[PDB]
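S.K.: My complex, part one, positions kept as in the full thing:
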Amino acid sequence: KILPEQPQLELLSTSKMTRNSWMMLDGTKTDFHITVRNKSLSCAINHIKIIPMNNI
C-alpha cells in the first residue's frame, strides 16, 4: 500500500528555555513561545491539535 507525501515538524527552539527545562515558583504563572516549521516542500498541513499531558 502506498500513501501520499507527508510533512514533518522540527522544534527549532522555545524562547525562555534551555533544552526544555524551567523553574516555577509555585503560584506564579508564566508564558513562552514554541517555534516549529513544516520542513516538507510539497504540501502543507490543515489540522493541528495540541493536547498537553503531564506526569500526574
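M.R.: Structure received. Numbers count the residues shown, from 1 in each chain, chains lettered A, B, ... in the order given.
S.K.: what about the closest residue in space to residue A:37 that isn't next to it in sequence, neighbour count?
M.R.: Take residue A:37 and drop its neighbours on the chain: the residue closest to it by C-beta to C-beta, 6 or more residues apart in numbering is residue A:10, 5.7 Å away. All C-beta spots, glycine's among them, are computed from the backbone N, C-alpha and C. Neighbour count of residue A:10, defined by other C-beta atoms under 10 Å: 9.
S.K.: need the contact list for residue A:10.
M.R.: Going by C-beta atoms under 8 Å, 6 or more residues apart in numbering, residue A:10 touches A:36, A:37, A:39.
S.K.: all strands of chain A, in order?
M.R.: When assigned using DSSP state E, the strands of chain A occupy the ranges A:13-14, A:34-35.
S.K.: Dump those strands to CSV, plus distance to residue A:6 and mean neighbour count.
M.R.: Listed next are the strands of chain A as CSV, based on distance: least, C-beta to C-beta, whole Å; neighbours: other C-beta atoms under 10 Å:
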stretch, distance to residue A:6, mean neighbour count
strand A:13-14, 24, 14
strand A:34-35, 21, 10
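S.K.: so which of those comes closest to residue A:5?
M.R.: With C-beta to C-beta, the closest approach to residue A:5 among those belongs to strand A:34-35: 23.4 Å.
S.K.: Which elements pack onto the closest one?
M.R.: Using 3 or more C-beta pairs under 8 Å, 6 or more residues apart in numbering; DSSP states H and E, the elements in contact with strand A:34-35 are strand A:13-14.
S.K.: slot chain B in:
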Amino acid sequence: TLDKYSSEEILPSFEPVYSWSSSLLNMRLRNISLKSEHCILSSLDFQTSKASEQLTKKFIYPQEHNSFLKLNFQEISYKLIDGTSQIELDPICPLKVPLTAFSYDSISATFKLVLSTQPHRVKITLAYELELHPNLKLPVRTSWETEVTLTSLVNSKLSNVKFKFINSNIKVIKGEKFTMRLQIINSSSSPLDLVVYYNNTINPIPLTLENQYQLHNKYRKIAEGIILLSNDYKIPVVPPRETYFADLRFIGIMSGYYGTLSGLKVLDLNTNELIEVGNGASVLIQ
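M.R.: Okay, here's chain B dropped in alongside the others:
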C-alpha cells in the same frame, strides 16, 4: 515455418524430387553557519568574468576604444529542492529582479535558511540576456544545482552541570543596577554547594610595551568596571535532576562593552573547580 516455406518452393526441373547419394557569469557559493541565531547564511555571488572582458574588444565593439556589456537579468531564483519537490526561497533584503548590469560588475544575493547530518540541496537559476545593438537580444538561462556544505552555553569540566544566562545580552545606562538570571542544570549524581563571586582585582600581567599596556587596560576594565552586589553568594542547594536560578544583581560604573565578561567565576566546593561561567554574558553599559 520451414514446412510452410519448403511446401511452396519451386522444384528444379529435369531432376528427381529427392536424392540419396551425393561562460561569462562565473558564480560561487560561500555559505557560512551562525550558531548564535541557529541558521546558515548562503550567499551566491555572480560577476562578469574575464571572458567577457576579452570578448568586448573582439566582436561586441571592436572599433570603440572602450565598450561595455548590457547584461539585463529577468530572474535570479534561489530554490530549495528535495527529490521531486521544489520551493522558491526569498532573500533577506529586497532585490529588484529587473536589474541591469555592465562589465566588471559583481552582485550578491544573501539567503537565510535554517540548519545536523542532513545536507540541503539547492538550485540557482539566472535568466538574463546581453543587449548587443539597440534591439537585438540573445537569451540565456544558465542554472546549476549543489549542496549547502560548509559558546553562549557554557559547560563544566570534570562534571555534567550546565550553565546558561536566560538573557545573555543586556544593555542598560551606566550607574543603574541590573539583574541577570543564571540558570543551573544539574543531573550528575548529587547536589552541590557552588559559590559565585566577582573579583575586582587586576590580574597580574605575565610581549612588547604596546601589547603589555593593551593587556593591562583590558584587565583593569574587567576588574573595576562592573561590581556584583551579591558577592560571595551561597547558592543553597541544587538537587539532582533539577534546575535552579541564581538571581545575580550588578551595577556598572565604567561605560563600555563587556562582551564575554571575565572575573565572574563560580567556584564548586566539591573539587575546587574554577569554571569560567561568566563567558555567557554580553553586558553593554553606556
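S.K.: What about the contacts of residue A:10 again, now that chain B is present?
M.R.: A:36, A:37, A:39, B:114 (C-beta atoms under 8 Å, 6 or more residues apart in numbering or on different chains).
S.K.: Distance of residue B:207 relative to residue B:263?
M.R.: Distance of residue B:207 to residue B:263, given as C-beta to C-beta, to the nearest Å: 21 Å.
S.K.: These two - which one has more neighbours?
M.R.: Neighbour totals were compared for residue B:207 and residue B:263, and residue B:263 leads with 20 against 10 (other C-beta atoms under 10 Å in any protein chain shown).
S.K.: That one reaches residue B:223, doesn't it?
M.R.: Yes: with contact defined as C-beta atoms under 8 Å, residue B:263 reaches residue B:223; the gap is 6.7 Å.
S.K.: Identify the contacts common to these two.
M.R.: With C-beta under 8 Å, 6+ apart as the test, residue B:263 and residue B:223 both reach B:199, B:200.
S.K.: how about the strands in the stretch 1-150 of chain B?
M.R.: Counting by DSSP state E, counting those that start in this stretch, the stretch 1-150 of chain B has strands at residues B:27-29, B:32-34, B:39-47, B:71-82, B:85-88, B:99-101, B:106-113, B:122-132, B:136-146.
S.K.: Could you find the closest non-adjacent residue to residue B:26?
M.R.: In this structure, residue B:26 finds its nearest non-sequential neighbour in residue B:49, 4.4 Å apart by C-beta to C-beta, 6 or more residues apart in numbering or on different chains.
S.K.: Burial check on residue B:122, number of neighbours?
M.R.: 21.
S.K.: That concludes my questions; thank you for your assistance.
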